[PDB]
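Q: this one's structure only:
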């Protein structure tokens, strides 16, 4: 005999529960500037490590969630899709095998790849690619990609480089 | 088992207010704009108020912030705006940006629940807002407001000492 | 481990919790017929008191909520916006400083100005204006505006005019 | 100390403008209600006490008088069945029908008529009746109309 | 029997502050002047601030008030100022006046502990201050301040509702 | 029915309760030699930091009271006023907006700016000026100004400069 009536708050952008990561982990933050693409063409673009993460310690840690949210040039126009995937030698087909995929057309331009990699070594993402694809041609450096990732906190980025003492 | 409900449509302006977290204040002000043509992105400096710009309060610890902008009702098309540090490239700011204020969306407000917490008002001095527009806009047709808050200056206290 | 599944009743128009005002107050009801407007132009239109409310008692009461819901000529066409505001000398800009604003385009053609005036004297609304604006030209007397307001109940509209006895 | 209305009752007032008026002729007219309460929601409310009293533009010679009555045929005679009668000549011009309507729906107010009788012609708008009917508080007239107009 | 003491000289500005009576605020502002010649008495309207002039707060109940004026340091001679309703005669206001602010006296401040209590800000709109001067004064050489206070507007609350 | 009769000690100069600062703070002491001024003219004169206080640690501490007591050349003659204020671009008007102001004419040639700055960063006083004004022309270096200030004690001016060991 329930009939509880709810009100629904419109939600201001940026409002949100934010989701901080499970303990012992530390989300890092870094970028990957886009290249200009031919219209409807789908270029691959490789995933370099951040400077600090190229260190030979951390290349074998353990990675959990991956969150690729795609920013844009504000006045870019067309539909745009992007996703992480295995190093395929070809085109779209990474999308047809991708676990998840971002879209410009739907409110949240983001994708979260939980379970996709937990828990790989951090260094092995070098084998991976992101993929980018757009309905329309776009100018270069206009689709920056903020993929984000966490790992067990670099336990021994604790101290100064010893030299000297 | 199923628990049927009934959505109540909700009119503009009647939503629950967000109280400031305790011990704070609010400090609204305006920041009128100019021009913006085609798909250019004009940038505006923020500008501190009357009572504010004083060395007493230039240190205060900013908390959350809000930035809703109000269009002239009859402006054509779609516009967006954001807050970020003086990027050398005007478009670039949106890319690092945490939130925009899309006009197409049902509600034109962005707020940064974090991002500015623990910050000096003085740092907020050099912190451009931006605009983008798909069309043409007659000058000062658009005027960003902004709630901010900061721990209350003792300011109120009692009066200035009578023996000035 | 929750996953409570809800049903959503479609809601018939006019259904609703209605919201009666906090005690001691009494909502009044009155009108303000619209004037014909030039297309895209934004005329001001002044707020007269209702006959009974012009009485010199009530002009100093205390006003709480204000609810301006905008009715229409059923076959009026274009986008229409309306809002109460300070007596600006100019045009749209009252909208860019208005706390709230009605729209034809969104289900609820209404706006509720709680906190906007609580608690002014009832008489001081004379300083205020509503504003009206439309994407398209409209015929006169086609956009009647039912702004509604409450106040402490007129404590001494209790009795007959004494004359005589 | 005026005679305040009992309990939950709520007085509500309105003037009714007059008309042209010739000497000796009884001049009929009809009460026609505030629009606000003329609704079907509340025409069916229970009336209690009612009284009319009528001001005059000061420069009107001669006596004038009025009353509320049922619709008539010869009209003029209605004073003879009138249960009270306001008059300029009288001490207080007010007339009070405490009893006569105390039980009525406002539905019958619609077919009641007020009458005017100047002795000699008086210019239009020089007389203005005011009614002071009284009735129960509307149940609806408290909570807002639902948002979804 | 005698209870010897020892007066402590007290430096400018170090006196005990007067707290506002509880639940209030403070609302300082300026009111710059002009001219004043010979022994004429120029009159100035008070002028309500930025945030103030809004129908929400035009009713608020004013409490006490303070009015200290600051001379340009090097002005000649002696000047006085007061607050009263628009007397038809400019000199006359001092005569009904409750307090002046003499310059010759050690401390140049007048305050009206009562007199305005229970008053609307709106009434305060029509309420001239005055000046008098024994000499000549270059324009805007003198600038009355004024503490006032009024019950706090809820104003702070939380933010404007996000759905503007 | 009180009528307690008091005696009043004349007070020798220098006698006084002295006022030491609230704990954790440490008053510092430093100077600012005056420049010659045109009669009745009011020059600004900037506030440099003391040598030790220019250190990049302390420039962000917390400042409480400020006490500007003005010494003089003993045989200087005229009326003299001085005050700290905001960096105005003009003349006297800093006095008409100054919270407090010293005077030669009244026993205590001093001013204490409690509440004026509590609690700014120590470094931000660089934006401030003192102002000086005199009824009569005065010779240079004749109106030295001993403004004094305290701050949280420089917590880590504790140790020797490490070099070496």
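A: Structure's in. What do you need? Numbers count the residues shown, from 1 in each chain, chains lettered A, B, ... in the order given.
Q: Same question for the closest residue to chain F within chain A, what's its three-state structure.
A: Relative to chain F, the nearest point of chain A is residue A:165 (10.0 Å; Cβ to the nearest Cβ). For the C-beta atoms, the positions are set from N, CA and C on the backbone; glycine is no exception. Here residue A:165 is recorded as coil under DSSP: H, G, I helix; E, B strand; the rest coil.
Q: Could you check how many residues crowd around residue A:56?
A: Around residue A:56 there are 7 other residues, counting by other Cβ atoms under 10 Å in any protein chain shown.
Q: meant to ask about residue A:106, not that
A: 8.
Q: Tell me how far it lies from chain B.
A: For residue A:106, the distance to chain B equals 12 Å [Cβ to the nearest Cβ, to the nearest Å].
Q: which phi and psi does that residue have?
A: The phi and psi values for residue A:106, taken as degrees, to the nearest 10, are phi -120, psi 110.
Q: Can you tell me the closest non-neighbouring residue to residue A:85?
A: residue A:94 (3.9 Å; Cβ to Cβ, 6 or more residues apart in numbering or on different chains).
Q: what's near enough to touch the residue of chain A at minimum distance from chain D?
A: Residue nearest to chain D within chain A: residue A:7 (11.5 Å; Cβ to the nearest Cβ). Residue A:7 makes contact with B:8, B:10, according to Cβ atoms under 8 Å, 6 or more residues apart in numbering or on different chains.
Q: I figured the residue nearest to residue A:85 hits residue A:86, correct?
A: Yes: using Cβ atoms under 8 Å, residue A:94 is in contact with residue A:86, at 7.1 Å.
Q: So between the two, which is more surrounded?
A: The neighbour count for residue A:94 versus residue A:86, taken as other Cβ under 10 Å, is higher for residue A:94 (22 against 10).
Q: show me what contacts the more buried one?
A: Taking Cβ under 8 Å, 6+ apart, we find residue A:94 in contact with A:83, A:85-86, A:88, A:129, A:131.
Q: I'd like the distance between the closest residue to chain B within chain A and chain E.
A: Nearest residue of chain A to chain B: residue A:14, at 3.7 Å (Cβ to the nearest Cβ). Between residue A:14 and chain E the computed distance is 10 Å (Cβ to the nearest Cβ).
Q: Just confirm yes or no for stretch A:66-79 near chain B.
A: Yes: applying Cβ under 8 Å from any Cβ of the partner chain, one finds stretch A:66-79 touching chain B at A:71-75.
Q: List the buried residues in that stretch.
A: A:66-68, A:70-76 (16 or more other Cβ atoms under 10 Å in any protein chain shown).
Q: and which of the contacts of residue A:94 is nearest chain E?
A: residue A:83 (32.6 Å).
Q: Got phi/psi on the residue of chain A found nearest chain C?
A: For chain A, the residue closest to chain C is residue A:5, as judged by Cβ to the nearest Cβ, at 6.7 Å. Reported as degrees, to the nearest 10, the phi and psi values for residue A:5 are phi -100, psi 120.
Q: what do you get for the one 3 residues further on?
A: Dihedral pair for residue A:8: phi -120, psi 120, per degrees, to the nearest 10.
Q: Ok, residue A:2 next?
A: phi -60, psi 150.
Q: ok, now how distant is it from chain E?
A: Distance from residue A:2 to chain E, by Cβ to the nearest Cβ: 28 Å.
Q: wait, what's in contact with residue A:30?
A: A:50, A:53, A:146-148.
Q: which pair in the residues you listed spans the largest distance?
A: With Cβ to Cβ as the measure, no two of those lie farther apart than A:53 and A:146, at 15.1 Å.
Q: count of residues packed around the residue of chain A closest to chain B?
A: Other residues close to residue A:14 by other Cβ under 10 Å number 22.
Q: Please check the contacts of residue A:30 and keep the buried ones.
A: Taking 16+ other Cβ under 10 Å as the criterion, what is buried in the contacts of residue A:30 is A:53, A:146-148.
Q: interface residues of chain A facing chain C?
A: Within reach of chain C by Cβ under 8 Å from any Cβ, chain A has these residues: A:3, A:5.
Q: shouldn't the residue of chain A closest to chain C be in contact with residue C:17?
A: Yes: counting by Cβ under 8 Å, residue C:17 is a contact partner of residue A:5 at 6.7 Å.
Q: Residue A:117 contacts residue A:63, correct?
A: Yes: using Cβ under 8 Å, residue A:117 is in contact with residue A:63, at 5.5 Å.
Q: Give me the common contacts of those two.
A: By Cβ under 8 Å, 6+ apart, the residues touching both residue A:117 and residue A:63 are residue A:125.
Q: starting at the chain centroid, how far to stretch A:123-143?
A: Its chain's average C-alpha position is 11 Å from that of stretch A:123-143, according to Cα atoms, centre = their mean, to the nearest Å.
Q: what's the answer for stretch A:20-40, then?
A: How far stretch A:20-40 lies from its chain's middle: 4 Å, per Cα atoms, centre = their mean.
Q: Buried residues in it, which are they?
A: Buried residues in stretch A:20-40 (16+ other Cβ under 10 Å): A:25, A:28, A:32, A:34, A:37.
Q: Residue numbers of chain A in contact with chain B?
A: Counting by Cβ under 8 Å from any Cβ, chain A comes close to chain B at A:2-16, A:18, A:71-75, A:142, A:144.
Q: OK, contacts around the residue nearest to residue A:142 when sequence neighbours are not counted?
A: Nearest residue to residue A:142, sequence neighbours excluded (Cβ to Cβ, 6+ apart): residue A:73, at 3.9 Å. Neighbouring residues of residue A:73 by Cβ under 8 Å, 6+ apart: A:138-139, A:142-143, B:91, B:94-95.
Q: swap in residue A:148?
A: Listed by Cβ under 8 Å, 6+ apart, the contact set of residue A:148 reads A:27-30, A:66-69.
Q: hmm, try it at 10 Å
A: A:27-31, A:65-69, A:110, A:112 (Cβ atoms under 10 Å, 6 or more residues apart in numbering or on different chains).
Q: Please name the bridge partners of it.
A: For residue A:148, the beta-bridge partners under DSSP bridges are residue A:67.
Q: Which positions in chain A make contact with chain E?
A: Chain A has residues A:9-13, A:15 near chain E, with proximity defined as Cβ under 10 Å from any Cβ of the partner chain.
Q: Tell me which two of those residues sit farthest apart.
A: Greatest spatial distance among the residues of chain A next to chain E (Cβ to Cβ): A:9 and A:13, at 13.1 Å.
Q: Mind checking which of those two has more residues around it?
A: With neighbours defined as other Cβ under 10 Å, residue A:9 and residue A:13 compare such that residue A:13 has more, 19 against 14.
Q: And for the residue of chain A closest to chain C, nearest residue in space, chain neighbours not counted?
A: Nearest one to residue A:5, counting by Cβ to Cβ, 6+ apart, is residue B:6 at 4.7 Å.
Q: Around residue A:129, count how many other residues there are.
A: Number of residues near residue A:129 (other Cβ under 10 Å) recorded here: 19.
Q: actually residue A:143, sorry about that
A: 25.
Q: what do you get for residue A:151?
A: Using other Cβ under 10 Å, residue A:151 is surrounded by 22 other residues.
Q: same question, the one 10 residues further on
A: A total of 5 residues lie near residue A:161 under the criterion other Cβ under 10 Å.
Q: what does the one 3 residues further on give?
A: Per other Cβ under 10 Å, the neighbour tally for residue A:164 reads 4.
Q: again with residue A:158
A: Residue A:158: 7 surrounding residues under other Cβ under 10 Å.
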